[PDB]
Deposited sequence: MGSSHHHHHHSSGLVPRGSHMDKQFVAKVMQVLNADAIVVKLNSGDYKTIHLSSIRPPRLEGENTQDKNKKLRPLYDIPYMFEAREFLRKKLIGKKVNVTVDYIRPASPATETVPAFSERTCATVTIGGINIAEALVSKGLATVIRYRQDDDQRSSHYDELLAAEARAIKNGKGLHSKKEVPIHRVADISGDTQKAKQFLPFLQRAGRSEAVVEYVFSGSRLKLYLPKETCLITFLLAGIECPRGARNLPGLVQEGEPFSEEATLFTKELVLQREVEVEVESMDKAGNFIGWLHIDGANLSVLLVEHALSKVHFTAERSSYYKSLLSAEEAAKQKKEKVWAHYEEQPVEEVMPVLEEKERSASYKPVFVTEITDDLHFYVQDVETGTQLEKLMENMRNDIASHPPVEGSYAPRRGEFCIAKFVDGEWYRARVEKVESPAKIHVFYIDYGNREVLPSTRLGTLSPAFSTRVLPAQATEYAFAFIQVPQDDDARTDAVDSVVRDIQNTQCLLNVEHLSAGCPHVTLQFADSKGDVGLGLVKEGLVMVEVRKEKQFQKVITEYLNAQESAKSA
């Protein structure tokens, strides 16, 4: 990093630091040289044990953060690094050894640290040795402190300390229901974006109600992120990361206006966010970082959304756009699994036989809980990627994940413990209680493919291969051995529980499928075995 540079302020980190974006595109956290933000170090706060919120509980911290935010957010500042501390001595830091790049930050001729100090919103560090590194405008900082003292400002004031009371109904369903009608009736409410969870979900501060809420953008579907929950590991939807950054760079810590239309089961309010005359839902669609949802159809913003989506789709970009390690010995470790579903593209789902009892126990517990607390028919509008419970054709409830929301009557779900898919009406869906989520029992179904064989490209040929497998192993216990991973799901070999005959090899024997050769040494023998079968077919 250079000693001097001009950079754009992306976030105000409390009262003594900011995050800037360099011309190179990199982000840097910069602390203000020779000043300390207000801190509660030295005072007892047992009354706030594990409930202390620095922004609101530290004397003058809110005032300092707001002064900096209003003056700098989204602006270009002139920076000159004065010194670097290898490890901050502050009591609370993350991590325990945290470097601090300390600089003089100026804009329009105003030294930011000097301005904070003059208002008593920061204090000047005193140095024991004249050789200690300090701000290059140190004398000006001390002059500012004299003014703060003279005028009794901020931390130098003798007046009663200003108290800040801020309610927080973030992701709280019962509390959200209490506020919904009021927020809907208020029309456009002023708010400050405090956090951005993704391209479309944010945490907002509403000054008029001195309350914090979580908010989801209406009328669109924004790409979801990665997952690595128990039994569910996958990359995020395309451009989920860029969408988040788009929203962060545009609205983080900006004053915006929001219209609340409804709320979801998680306590998130759903509505429209307006920033400097623009509609965020429309902007995301315009930049091809989200798509229009059917909920937008009855909205006055529908035309703008369609126009944006039209231009985005024409560009055909963004949302509209394997060898393995060689090993000496081949795996060979067959374990009992229960094959539940065979897919049309010759893939299949299985459950671990060893945990079958755990799934049974969970289903009894969950279904008994559902029987006691029946989901309200039609009061649930699922969001893509959300977990839920779904009522299958057998009339029983199962854990599921929403994969696509076509309309209120057509919700595409995936039964996470079995592997089958179904299109159902929202009336046959309900919320999945935390007590029965993957936090308690992992998703039980795992997707696998046959190793060493090529899935027929010819529909009729593939259908015949699938029918054979369904007939031979669907809904039966088999032995499975993981051979290797792929760009998709893992490839395995299956053996019949009794004869222990290789299921995939059998498809080769019958001439239903061709062999897919692997180059890795561990498969030297098995590839010859498969190629021989193919020859004799």
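> Which parts of the deposited chain sequence are absent from the coordinates, listed in sequence order?
According to the deposited record, C-alpha coordinates are absent for 1-20, 342-351, 568-570, which together make up the missing parts.
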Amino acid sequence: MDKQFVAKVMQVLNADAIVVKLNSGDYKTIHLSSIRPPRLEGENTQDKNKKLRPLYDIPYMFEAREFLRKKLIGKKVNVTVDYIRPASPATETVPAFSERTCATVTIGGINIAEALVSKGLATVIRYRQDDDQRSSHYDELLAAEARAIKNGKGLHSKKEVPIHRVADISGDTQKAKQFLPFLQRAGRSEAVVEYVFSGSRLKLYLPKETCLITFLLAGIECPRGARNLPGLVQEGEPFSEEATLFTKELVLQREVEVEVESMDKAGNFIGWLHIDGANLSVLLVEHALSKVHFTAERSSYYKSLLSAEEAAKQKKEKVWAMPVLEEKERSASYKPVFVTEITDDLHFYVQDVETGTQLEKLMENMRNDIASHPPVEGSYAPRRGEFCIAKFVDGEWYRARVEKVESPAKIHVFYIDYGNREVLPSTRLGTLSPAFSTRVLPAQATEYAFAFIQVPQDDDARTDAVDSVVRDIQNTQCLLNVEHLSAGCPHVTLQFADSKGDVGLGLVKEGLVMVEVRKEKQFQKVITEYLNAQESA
From here on, numbers count along this sequence of modelled residues.
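> Would you mind comparing 510-518 and 21-29 for me and telling me which has the higher average C-alpha temperature factor in the entry?
Stretch with the greater average CA B-factor: 510-518.
> May I ask you to compare 246-254 and 124-132 by their mean CA B factor in the entry and name the higher one?
Per the deposited B-factors, the answer is 124-132.
> Specify which of 157, 106, 372, 214 carries the largest Cα B factor in the deposited PDB entry.
Across 157, 106, 372, 214, the entry lists the biggest C-alpha B-factor for 372.
> Which listed residue, 74, 225, 199, 382, has the largest C-alpha temperature factor in the record?
Largest recorded C-alpha B-factor: 382.
> Lowest, middle or highest third: which one holds residue 490 when the chain's residues are ordered by CA B-factor from the entry?
Its C-alpha B-factor belongs to the middle third of this chain's values.
> Among all modelled residues of this chain, ranked by Cα B factor, put residue 484 in the bottom, middle or top third, i.e. lowest, middle or highest.
Its C-alpha B-factor belongs to the middle third of this chain's values.
> Going by the recorded CA B-factors, say which third of the chain residue 12 sits in, lowest, middle or highest.
For residue 12, the deposited C-alpha B-factor lands in the lowest third.
> Is residue 55 in the lowest, middle or highest third of its chain when residues are ranked by C-alpha B-factor?
According to the entry, residue 55 has a C-alpha B-factor in the chain's middle third.
> Against its chain's modelled residues, does residue 86's Cα B factor rank lowest, middle or highest third?
Tercile = lowest for this residue's CA B-factor.
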